[PDB]
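Heads up, the sequence shown is in PDB author numbering, so the first residue is 1 and it goes up one at a time.
We treat Cβ as the ideally placed atom computed from N, Cα and C, and that holds for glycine.
Accompanying notes for the structure given below.
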Amino acid sequence: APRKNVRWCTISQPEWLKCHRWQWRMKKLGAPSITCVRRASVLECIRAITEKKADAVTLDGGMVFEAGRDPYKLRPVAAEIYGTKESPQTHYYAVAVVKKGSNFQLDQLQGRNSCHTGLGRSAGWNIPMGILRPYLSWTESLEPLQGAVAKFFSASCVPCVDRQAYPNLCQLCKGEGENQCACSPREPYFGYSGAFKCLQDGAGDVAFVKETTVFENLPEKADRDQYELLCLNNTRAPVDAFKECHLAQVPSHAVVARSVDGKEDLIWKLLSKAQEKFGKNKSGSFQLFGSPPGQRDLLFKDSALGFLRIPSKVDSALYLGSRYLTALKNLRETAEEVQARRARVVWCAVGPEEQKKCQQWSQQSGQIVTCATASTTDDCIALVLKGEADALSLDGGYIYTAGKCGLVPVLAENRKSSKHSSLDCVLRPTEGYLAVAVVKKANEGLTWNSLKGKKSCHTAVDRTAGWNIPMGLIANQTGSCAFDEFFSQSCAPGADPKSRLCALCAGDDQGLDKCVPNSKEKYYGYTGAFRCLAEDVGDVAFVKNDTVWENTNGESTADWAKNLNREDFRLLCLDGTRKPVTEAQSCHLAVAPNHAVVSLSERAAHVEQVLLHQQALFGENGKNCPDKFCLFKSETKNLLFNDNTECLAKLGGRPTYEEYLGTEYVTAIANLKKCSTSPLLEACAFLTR
Ligand SMILES: [Fe+3]
Ligand SMILES: [Fe+3]
């Protein structure tokens, strides 16, 4: 079928020859047929793929980044595994190898001859330029990195550069005629082994490659001895010392496919079969990870142990990692364009309504705070990881997911409290909020023991009050992991839209975006889920004490709420009792930990300082609060923060997400998550690999 086979993109004749040799041994094994597409440059394949002319190609990390940028939107589906069968690695090292006997060090490359694997490649270009930036004397306001580099080295061979604009950089290249500097193996000194040969042939003084390049080209140690590495501290060392003498560690190459309609599973079915039949140390007629004499790294890096399947949620940015992603980014942006990015705090807004409140806050703040937006909290978390956003306030259940991804609590949302009216809000200890089950008095006979079969309203899936606590307790008493099988129907924003957990959700004013986990969905959040109950859409709602009081007896003023009486409602206790909504202290399901602001540990220090100041202006008793703008007031819609919040308190020290949530709650969620797999959670385990 037009999708029952994978078309592989090749950028050279031998690669094409290898591909056909691969396609041949494949059918004999009966697997998704392999079609081979011919091309002449890496770009051509990237473009070819996104244009549905091909489905797969293995790319270097720096090309993987470039492939994920909007025009193409490609994504890593499988990572090459290196190292050894007992000690595998999914990363490698960028080293600078030089002929033993020379004298120059890292800080003396000026005027030398250079050998690069290719332009935009991890080891051959990205890492070095990063390290060598201080000595380059480059001004983006005058010319591009290439210009600076062309004025640094006297001559080199950086395949792919423009021999017309920057001849200086294609001199040492050995390509024949038009092939000179070609961005493909059509150029001898192209790739890892090419740049190495560029050095071996004494054309250049340095070769920027990876740790294994030497051991792959020179087997007899006697030969190796003639070569050394350049260490960061400006000293040389033997090539087997790369673990100590390296410029940087980078992520392995990856196979990339289309983001949408990419044949992922098909590509992976083939690779997993291919590696199991013709992998390392495996059958020796045809080697998947080997190229004929004089040929190298055809299709896949030579001597790779195999592949690793990449989870659906990790895209190019995530796959590369914060460290590498930052480095690459610093290469494409201005020096101040980056300083600006660091001086400001980028808030992540979830939905159109929160986005609007944020754009407002941004204006009032003076542009110190800026905004980024996502349709879901999970997406905002990913944005913070990629460095697109700095922070946001998360419910306890989300702090577990953000925690499982390395984000940390910074300040906690402090609701005005009766107790401890002794201290000031910013240093006042946090007192959780009570999660409760509310029902309508009229709903006779409905107690905790009779929730089975009823209809339910939940703030959203994965949140404390509306999900973790209720479903946690229901799972323990039910034994089963089937929650969508407990209630006949419900509204739990975030669940499968085609599921019955979304069968009672509204969507926006036009019935659109039904079940979407953001304020656009009528029955989302504390207030949304309460309204779901009030309107008789569900038999029970799972919210917190505060919600009942804030939207009854005319405290909301919103149509559905203005005429609601708190005496019309009751709370379901765990002892099978119903109680007036004034009996919360004795009739709650659990006391949850306050919502809090998270961020990357390396950014936390900054975010906090900016926040404590912001809140001094638009917080409860801020300079311009009533009059110009109030941070914790969103007209009962709880946008960005809860409306009943007085301030954001210091967490006293630097608790981890586990410390903040409490052991009790953490395991509770943990055991419940054992019933379901969360894409972001999977993607995150992989982030630590
Ligand atoms: Fe590489
Ligand atoms: Fe909550």
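Start-to-end residues for the alpha helix (DSSP H) that takes in residue i
i: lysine 210; result: From DSSP, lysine 210 is part of no alpha helix (DSSP H) but of the beta strand (DSSP E) over 206–210.
i: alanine 668; result: 663–673
i: residue 725; result: For residue 725 there is no data in the structure shown, the boundaries of the chain being 1 and 689.
i: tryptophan 448; result: First-last for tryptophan 448: undefined, no H or E at that position.
i: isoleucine 81; result: Per DSSP, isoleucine 81 belongs to no alpha helix (DSSP H); it is in the beta strand (DSSP E), 74–83.
i: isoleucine 399; result: 396–403
i: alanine 561; result: 559–562
i: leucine 617; result: 601–618
i: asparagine 476; result: 469–478
i: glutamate 646; result: Where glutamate 646 is concerned, there is no enclosing alpha helix (DSSP H), although the beta strand (DSSP E) it sits in stretches over 645–650.
i: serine 252; result: Note, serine 252: premise wrong, no alpha helix (DSSP H); not H, not E.
i: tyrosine 526; result: 525–534
8 Å Cβ cutoff met for residue i and residue j
i: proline 470; j: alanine 503; result: no
i: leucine 229; j: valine 95; result: yes
i: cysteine 587; j: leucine 571; result: yes
i: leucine 600; j: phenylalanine 618; result: no
i: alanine 56; j: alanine 48; result: no
i: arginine 323; j: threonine 50; result: no
i: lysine 301; j: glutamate 80; result: yes
i: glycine 202; j: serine 154; result: no
i: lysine 416; j: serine 634; result: no
i: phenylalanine 307; j: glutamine 275; result: yes
i: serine 312; j: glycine 68; result: no
i: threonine 636; j: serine 556; result: yes
i: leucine 305; j: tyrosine 93; result: no
i: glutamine 364; j: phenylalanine 629; result: yes
i: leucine 407; j: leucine 651; result: no
i: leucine 383; j: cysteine 348; result: yes
i: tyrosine 660; j: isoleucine 399; result: yes
i: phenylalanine 542; j: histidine 458; result: yes
Closest by C-alpha distance to residue i, when choosing among the options
i: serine 102; options: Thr235, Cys358, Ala412 and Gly194; result: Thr235
i: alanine 40; options: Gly284, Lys386, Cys183 and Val598; result: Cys183
i: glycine 528; options: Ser499, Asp496, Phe286 and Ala492; result: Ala492
i: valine 350; options: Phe208, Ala343, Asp395 and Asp315; result: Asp395
i: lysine 174; options: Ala195, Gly511 and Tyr166; result: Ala195
i: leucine 17; options: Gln295, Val610, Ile81 and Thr577; result: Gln295
i: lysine 151; options: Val161, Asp162, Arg163 and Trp138; result: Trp138
i: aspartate 568; options: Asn553, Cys625, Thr577 and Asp225; result: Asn553
i: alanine 475; options: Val98, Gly511, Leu672 and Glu535; result: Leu672
i: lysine 73; options: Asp261, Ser87 and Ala506; result: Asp261
i: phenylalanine 483; options: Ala237, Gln108 and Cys675; result: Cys675
i: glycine 191; options: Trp448, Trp24 and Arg121; result: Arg121
i: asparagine 624; options: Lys243, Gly366, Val37 and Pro292; result: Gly366
i: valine 98; options: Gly204, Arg38, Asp513 and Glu264; result: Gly204
Close Cβ partners of residue i (< 7 Å) along its chain, the five nearest in sequence each way excluded
i: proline 32; result: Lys4, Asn5, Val6, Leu266, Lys269 and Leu270
i: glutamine 615; result: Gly622, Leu631, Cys647 and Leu648
i: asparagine 518; result: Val350, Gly351, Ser375, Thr376 and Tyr524
i: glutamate 178; result: none
i: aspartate 643; result: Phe632, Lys633, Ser634 and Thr636
i: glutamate 583; result: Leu571
Continuous beta strand (DSSP E) stretch holding residue i: start and end
i: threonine 376; result: No beta strand (DSSP E) holds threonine 376; DSSP gives it neither H nor E.
i: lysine 440; result: 433–440
i: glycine 306; result: 306–309
i: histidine 458; result: 455–458
i: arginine 39; result: Run containing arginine 39: none; DSSP gives neither H nor E here.
i: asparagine 414; result: 407–415
Close Cβ partners of residue i (< 8 Å) along its chain, the five nearest in sequence each way excluded
i: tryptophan 125; result: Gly62, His116, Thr117, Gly118, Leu119, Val158 and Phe208
i: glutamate 15; result: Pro185, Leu298 and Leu299
i: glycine 321; result: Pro251 and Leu687
i: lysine 544; result: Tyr433, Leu434, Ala435, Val436, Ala465, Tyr526 and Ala592
i: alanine 254; result: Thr58, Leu59, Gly61, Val64, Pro76, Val77, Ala78, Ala79, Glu80, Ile310 and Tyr319
i: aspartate 508; result: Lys520, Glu521 and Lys522
Own chain, CB closer than 6 Å to residue i, minus 5 neighbours either side, in chain order
i: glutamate 353; result: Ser519 and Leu639
i: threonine 577; result: none
i: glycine 494; result: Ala460, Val461 and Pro517
i: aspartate 378; result: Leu680
Legend entry - the stretch 459–479 contacting the stretch 659–670, beta-carbon criterion three pairs below 8 Å: yes
Inset, instruction - Evaluate contact between the stretch 603–612 and the stretch 377–397, counting only Cβ atoms and requiring at least three cross-stretch pairs below 8 Å. - result: yes
Legend entry - Touching by the beta-carbon criterion (3+ pairs, under 8 Å), the stretch 497–515 and the stretch 472–489: yes
Inset, instruction - Take every Cβ of the stretch 403–422, pair it with every Cβ of the stretch 444–463, and state whether three or more of those distances are shorter than 8 Å. - result: no
Legend entry - Inter-stretch contact at 8 Å, needing at least 3 Cβ pairs: the stretch 328–335 / the stretch 213–226: no
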